[PDB]
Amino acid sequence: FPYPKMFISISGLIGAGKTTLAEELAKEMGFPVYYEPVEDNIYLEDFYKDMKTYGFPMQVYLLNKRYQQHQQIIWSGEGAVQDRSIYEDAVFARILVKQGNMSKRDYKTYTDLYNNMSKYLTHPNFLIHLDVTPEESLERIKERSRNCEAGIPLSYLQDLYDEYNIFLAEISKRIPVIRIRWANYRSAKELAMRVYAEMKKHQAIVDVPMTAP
């Protein structure tokens, strides 16, 4: 019987290593993996020069990409590991509003659009959050050395961190969430193996006292 396919998303701060974990976890499980390559984001350079002007249009542009990716996932008829979830764009939007880089009117326009869109977007069975600090994220940004990210201050990554933690407390009411500390001491392969094992552990039927197996 065509039981629904397994959809797994990774979340975490900039530079956390979401993409590496997605590839390794997708290997472990036998699933196709899906990325959004940063070079394809034609707004990103301008956004970092002027967040207030380019924030809202980039959010719409990124939502279009998430919509194409779901149609691709649905068409595949298989499970999937995604290196980013649809909820993370909303995280970025809320901090931009907080910082005065997005108007409250544009934010509401954006969330109405997201709400209208969601029915045709990917909703994960399982969310894996890579737990890293803002300082670790800043260091991973510096080591990667993307020119457009060279200007990001720590305060921006702290806002993002704070918003992610609020979001996780809410989203975990709806879907299983594994939050896994990764400071890059153990390997990405060990990380994926532990994520997989923790997923299997959490997916066991809860029996409440039976007669079963």
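One-based numbering along the sequence shown.
- Going from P4 to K5, the model skips none of the deposited residues; the chain is continuous there.
- Higher mean CA temperature factor, per the PDB entry, when comparing 56 to 64 with 145 to 153: 145 to 153.
- For the segment pair 110 to 118 and 125 to 133, the entry gives 110 to 118 the higher mean B-factor, averaged over Cα atoms.
- The residue among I74, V81, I86, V91 whose C-alpha atom has the highest B-factor in the PDB entry is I74.
- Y185: CA B factor in the middle third of modelled residues in this chain (values from the PDB entry).
- Among the modelled residues of its chain, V208 has a C-alpha B-factor that falls in the highest third according to the deposited record.
- Ranked within its chain, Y161 lands in the lowest third, by CA B factor from the PDB record.
- Per the PDB record, residue ranking by Cα B-factor puts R179 in the lowest third of the chain.
- Sort the modelled residues of the chain by CA B factor and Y43 lands in the lowest third.
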